[PDB]
Amino acid sequence: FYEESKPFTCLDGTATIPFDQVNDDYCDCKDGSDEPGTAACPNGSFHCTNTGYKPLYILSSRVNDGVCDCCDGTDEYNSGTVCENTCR
Ligand SMILES: [Ca+2]
Ligand SMILES: [Ca+2]
């Protein structure tokens, strides 16, 4: 058996971490590139896929803040606010 855990490198080259530190809700990269799906980095961005319509990027601090930022509502996945799809 071959152990592939080839690690993640921050898009800014500042650190190399295992992929278990990617979206682990703690900021490990100065550019925020290890936490695209959480609110952990102060300078990160969350991608609103908005399937079928124009995609948007929001501040990471708006992920699970209880406010509906993406028209698809995907920024609110564990906050208690259930967002409706308003892309149309
Ligand atoms: Ca992390
Ligand atoms: Ca939000």
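In what follows, residues are counted from 1 in the order of the sequence shown. What's counted below: heavy atoms across the whole structure, side chains too, no hydrogens, waters or symmetry copies. Remember, it's 1-based here, ligands and their atoms both numbered in the order they're listed.
Note on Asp34: its N/O/S atom closest to the Ca ion (ligand 1) is OD2. Taking the Ca ion (ligand 1) as reference, the nearest N/O/S atom within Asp24 carries the name OD1. Closest N/O/S atom of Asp28 to the Ca ion (ligand 1): OD2. Nearest to the Ca ion (ligand 2), among the N, O or S atoms that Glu76 has, is OE2.
Between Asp69 and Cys48 the shortest side-chain heavy-atom distance does not fall below 4.5 Å.
When OD1 of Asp65 and O of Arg62 are joined through the Ca ion (ligand 2), the resulting angle is 90° to the nearest 10°. Put simply, the angle at the Ca ion (ligand 1) from O in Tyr26 to O in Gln21 is close to 170°, to the nearest 10°.
The aromatic rings of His47 and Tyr57 sit tilted, their planes meeting at an angle between 30° and 60°.
When atom types are taken as modelled, the side chain of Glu76 and the backbone of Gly66 share a donor-acceptor pair closer than 3.5 angstrom.
As summarised for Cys68 and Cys83, their two SG atoms come within a distance smaller than 2.5 angstrom, satisfying the threshold. A distance below 2.5 Å between sulfur gamma atoms is met by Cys10 and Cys29.
The Ca ion (ligand 1) has no N, O or S atom of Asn23 under 3.0 Å away, backbone or side chain. Distances from the Ca ion (ligand 1) show that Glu35 has an N/O/S atom below 3.0 Å.
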